[PDB]
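[1] sequence? don't have it. structure:
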């Protein structure tokens, strides 16, 4: 069937521009999003120590 | 006879796409910016004027001697 993605007209009123004005000017974007999704560093590194450890196979 | 298809136990996982964790929007921002900015200016005039008081004190010792 259908789906129309990335197809949405803007708000264009008094208050909702302040959500798009604080975004560009003071960067509430790009740090709450992209500075937190990188860190996300505390997870365990899933590395195989190849001369000692070995991975799975199949019969 | 030992084939796969299980009787039950299913989800699924979503095809959904959403994480609107906002986030102090809509005039709540620009409010913590301005007040903390003038707070830094409020920290002035109690230090520069205070150092200005010591600045005349520093020049005082120069003028009192030197005859």
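    Everything's here; your move. Residues are numbered from 1 along each chain as shown, chains lettered A, B, ... in the order given.

[2] neighbours of whichever residue of chain B sits closest to chain A, how many?
    Going by CB to the nearest CB, chain A is nearest to residue B:29 of chain B, at 4.2 Å. For every residue, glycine as well, the C-beta is placed using N, CA and C. Residue B:29: 18 surrounding residues under other CB atoms under 10 Å in any protein chain shown.

[3] my read is that it contacts residue A:23, right?
    No. Using CB atoms under 8 Å as the test, residue B:29 is too far from residue A:23 to be in contact (9.2 Å).

[4] for the residue in chain A that chain B sits nearest to, what are its contacts?
    Nearest residue of chain A to chain B (CB to the nearest CB) works out as residue A:22 at 4.2 Å. Applying CB atoms under 8 Å, 6 or more residues apart in numbering or on different chains to residue A:22 gives the contacts A:28, B:25, B:29, B:30.

[5] point me to the helix or strand that includes it.
    Taking DSSP states H and E as the criterion, residue A:22 maps to helix A:17-26.

[6] just list the residues touching residue A:4, thanks.
    For residue A:4, no residue meets the contact criterion (CB under 8 Å, 6+ apart).

[7] measure it to residue B:21 for me?
    Separation of residue A:4 from residue B:21 (CB to CB, to the nearest Å): 26 Å.

[8] what about stretch A:8-26, start to end distance?
    One end of stretch A:8-26 sits 24 Å from the other (CA to CA, to the nearest Å).

[9] next, the buried residues of it.
    Residues of stretch A:8-26 classed as buried by neighbour count (16 or more other CB atoms under 10 Å in any protein chain shown): A:18, A:19, A:22.
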